[PDB]
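What follows is a set of notes on a single structure, which appears directly below.
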Amino acid sequence: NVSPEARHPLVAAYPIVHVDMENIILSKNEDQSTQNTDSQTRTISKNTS
Amino acid sequence: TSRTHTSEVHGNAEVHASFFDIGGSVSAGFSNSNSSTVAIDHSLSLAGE
């Protein structure tokens, strides 16, 4: 894989690796919640006067 | 506990038209009442939800 121009004893062979970023995916860490509640109350009273 | 003073002022009027013995009476009024009223209550309730 050493390229044909660098198969001369005076031309150096060396890799140049650089990393380039194509996207950035940020994701918000946040926690919802919901609730639903029913009720039934029966009051039975008495009163003297 | 309640002790009530009910003062009264008043004006009154009557008449009786006849042949010769015609009678009339206009008047007024003044009154008070010293009413001490107590009330004892005992009650209940049974609520379940």
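Chains A and B, in that order, give the protein sequences.
Quick note on UniProt numbering: the first sequence kicks off at 275 and runs consecutively.
Quick note on UniProt numbering: the second sequence kicks off at 324 and runs consecutively.
Note that beta-carbon positions come from the ideal geometry of N, C-alpha and C, so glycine has one too.
For residue 319(A), the nearest CB of chain B lies under 7 Å from its own CB, placing it at the interface with that chain. With respect to the 7 Å criterion, residue 360(B) and residue 330(B) are not classified as neighbours on the basis of their beta carbons.
If you check the CB distance, residue 350(B) and residue 335(B) come in under 7 Å.
Boundaries of the beta strand (DSSP E) around residue 325(B): 325–328. At a cut-off of 7 Å between beta-carbon atoms, residue 344(B) makes no contact with chain A. Excluding residues up to 5 positions away in sequence, 348 lie with their Cβ nearer than 6 Å to the Cβ of residue 337(B) in the same chain.
Excluding sequence positions up to five before and after residue 328(B), its CB lies within less than 7 Å of the CB of 355, 357, all in the same chain and listed in chain order.
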